[PDB]
Structure formats: structure tokens, C-alpha cells
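**Student:** The following block contains the structure, expressed as C-alpha cells.
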Ligand SMILES: [Zn+2]
Ligand SMILES: [Zn+2]
Ligand SMILES: [Zn+2]
Ligand SMILES: [Zn+2]
Ligand SMILES: [Zn+2]
Ligand SMILES: [Zn+2]
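Residue numbers (the working numbering), protein chains in the order written: chain A, 31 to 118; chain B, 2 to 87; chain C, 254 to 343.
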């Protein structure tokens, strides 16, 4: 299971860099990247306490966002759902 | 599928690495442009489930990003790869 | 690790590519210093050789140090210390 936490952190670093690249080249808006970066905060916390499922879903969302595949509203929705689901 | 997921991770990674090594002057624009065409072939080979084409395409991109394959060799690899997809 | 298989070596190389990028990202935005990155790159050179030679444990250790450095979590003095230890452990 340490292997999966390792993988999750690898993807978090990768997608965090992808967000910054696609912000710099103008493909994404600042608000979108800020909201995705808040999900990245949740994934980091999820990784800490072992919540693989929350972390994995958060990463899927951040990847979808970095690739312009989901909306600002969908990112805000997923963030609230993920934060609350991490609380349990 | 674990493999498709890994393939997508590597295409993200190598897309970033290619720009990094263009911007710091390590790679020529023309090499990076040819590698970016291979990355399109990988993006497709992933979507299409042609995993071996995806994996070889990423190996060529990685070699290109590290300056380990010549411009002519990248051009030839892309031809061999594009054909191998169809 | 899972042994010095081609699959593990390939994973270690992915991580090194990823951390190569992160060091530059975080040098450029001012998070990391030039001397920190230079020392981290000397660990990256040790990691490279370790990956080649199948020394997955030495490589995983250098990657963990480089990662901790890139996130601003260990001091320049710790990175230098880690580089000396890792070069010897190899
Ligand atoms: Zn992944
Ligand atoms: Zn992606
Ligand atoms: Zn890989
Ligand atoms: Zn590489
Ligand atoms: Zn890794
Ligand atoms: Zn990291």
C-alpha cells in the first residue's frame, strides 16, 4: 500500500506541474487552476491519512481539469464533495 | 487498465519534458516539433488501445527529449510508428 | 523495491524525469536556490548511475531526497550530506 501512496504523490506532482504549464500557455483560466489547486490540497491530505479512494478521485478530477475536459462548476462541485468525503 | 493509465501519465510527463528542454536550449525546435507529432500518434494509440504503438512512441519521445536520438532518426521513427498504427 | 527489473528501472527513470522538471519549476518561481538545485542534480547523477546498475534502493533513496528538496522540505546542508552518503552507499 506504500507503493500506491507513492504513485499518488507522483501523479500529484505531475498534475500540479501540468496545471501550471497549461495556465502559462493560456489554455486554462486562473479560477479553474485555483479550484483545481484546492482539490490538490485535498489529495495531499488524502494521501497523508491513507484515503486512497479520495486521493484517486481527486487526481482524476485534476487531470480532467488540466486537459480542459471538465468545467469550473464541475471542479467546484467535486471539491466540495471530496472535502466532505475526506471528513468521513 | 493500469497500462492505459501509465501510458497517459508518461505522455503528460514527456509533453512537459519536451517543452522544458526546448526552453533551456537543449533541444532544437525541429526535433521538438517532430517529437510532438509522435506524441499525437501516442495520444491516438492510447485512445485506440494500441498499447505497443503507444509504448514505443513514448520511448522515442523520451530518447528525443534526452538528446539521445538524432533528428533524422526521430523522423524515421515517426514514419515507422505512424504506419504501425494503421 | 520490486527488484531491478526493466519495469522498475523504467519507473525510477520516470520519477527522475518528473523531479528534473519539478526542480526547474521551483527554481524558476524562486522556491529553490541555485546551489540547492546543483546539489540535487548531483544526487540525480548518482540516481542515474544507480538505475543503470540495478541499484534500485540507492536510486529510490536519491529520488526521495531530491523530492523532499524540491518541495522545500530539507535544507541545503541536508542535501549535501545526503549526496555524500548516497555516493558512498553506491
Ligand atoms: Zn498515475
Ligand atoms: Zn493527463
Ligand atoms: Zn513510464
Ligand atoms: Zn526520460
Ligand atoms: Zn515513483
Ligand atoms: Zn513530490
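We put the CB at the ideal spot given by N, CA and C, even for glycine.
Just to confirm, is the Cβ distance from residue 49 of chain A to residue 66 of chain A under 8 Å?
**Tutor:** Their beta carbons are under 8 Å apart, which means residue 49 of chain A touches residue 66 of chain A by this criterion.
**Student:** By Cβ distance below 7 Å, which residues in the same chain neighbour residue 34 of chain A in space, the five residues on each side in sequence not counted?
**Tutor:** Counting only Cβ-Cβ distances below 7 Å, and skipping sequence neighbours, we find 82.
**Student:** Give a yes or no on whether the minimum CB-CB distance between residue 271 of chain C and chain A is below 8 Å.
**Tutor:** Yes, because at least one Cβ of chain A sits closer than 8 Å to the Cβ of residue 271 of chain C.
**Student:** Counting only Cβ-Cβ distances shorter than 7 Å, please list the residues of the stretch 76-87 of chain B near chain C, keeping chain order.
**Tutor:** So the list is empty, because no residue satisfies the distance condition.
**Student:** By the criterion of Cβ-Cβ separation under 9 Å, what are the contact partners of residue 45 of chain B in chain A?
**Tutor:** The premise fails here: residue 45 of chain B is roughly 15 Å from chain A at the closest Cβ pair, so nothing lies under 9 Å.
**Student:** Distance check for residue 338 of chain C and residue 10 of chain B, CA to CA, integer angstroms please.
**Tutor:** Looking at the two C-alpha atoms, the distance is approximately 32 Å.
**Student:** According to DSSP, is residue 56 of chain A part of a helix, a strand, or is it coil?
**Tutor:** In the structure shown, residue 56 of chain A sits in coil (DSSP, three-state: anything other than H, G, I, E or B).
**Student:** Hey, residue 86 of chain B and residue 54 of chain B: beta-carbon distance below 8 Å or not?
**Tutor:** Yes. Within cutoff.
**Student:** For ligand 5, is there a heavy atom less than 7 Å away from the beta-carbon of residue 40 of chain A?
**Tutor:** Yes - ligand 5 has a heavy atom lying nearer than 7 Å to the Cβ of residue 40 of chain A.
**Student:** Compute the beta-carbon to beta-carbon distance between residue 65 of chain B and residue 32 of chain B, rounded to the nearest angstrom, for a pair I have assumed lies under 8 Å.
**Tutor:** With 8 Å as the limit, residue 65 of chain B and residue 32 of chain B qualify as a contact, their Cβ atoms being about 6 Å apart.
**Student:** Taking 7 Å as the cut-off, does the CB of residue 264 of chain C come closer than this to any heavy atom belonging to ligand 5?
**Tutor:** Checking the Cβ of residue 264 of chain C against ligand 5 gives yes.
**Student:** Does ligand 6 have even one heavy atom less than 7 Å from the beta-carbon of residue 270 of chain C?
**Tutor:** No, since every heavy atom of ligand 6 falls outside the 7 Å radius drawn around the Cβ of residue 270 of chain C.
**Student:** Do residue 69 of chain A and residue 91 of chain A have their CB atoms nearer than 8 Å?
**Tutor:** Yes, the Cβ-Cβ distance between residue 69 of chain A and residue 91 of chain A is below 8 Å.
**Student:** From what residue to what residue does the alpha helix (DSSP H) around residue 114 of chain A run?
**Tutor:** Start and end: 102-117.
**Student:** Looking at chain C, is there any beta carbon in it that lies within less than 8 Å of the beta carbon of residue 40 of chain A?
**Tutor:** Chain C contact via Cβ: present.
**Student:** Are there any heavy atoms of ligand 8 lying less than 7 Å away from the beta-carbon of residue 320 of chain C, as far as the coordinates show?
**Tutor:** This structure lacks ligand 8; its bound ligands are ligand 1, ligand 2, ligand 3, ligand 4, ligand 5 and ligand 6.
**Student:** Can you confirm whether residue 274 of chain C, when its beta carbon is compared against all beta carbons of chain A, has any partner nearer than 8 Å?
**Tutor:** It does: the Cβ of residue 274 of chain C has a partner Cβ on chain A nearer than 8 Å.
**Student:** Can you tell me where the alpha helix (DSSP H) with residue 83 of chain A in it begins and where it stops?
**Tutor:** That run of the alpha helix (DSSP H) goes 82-96.
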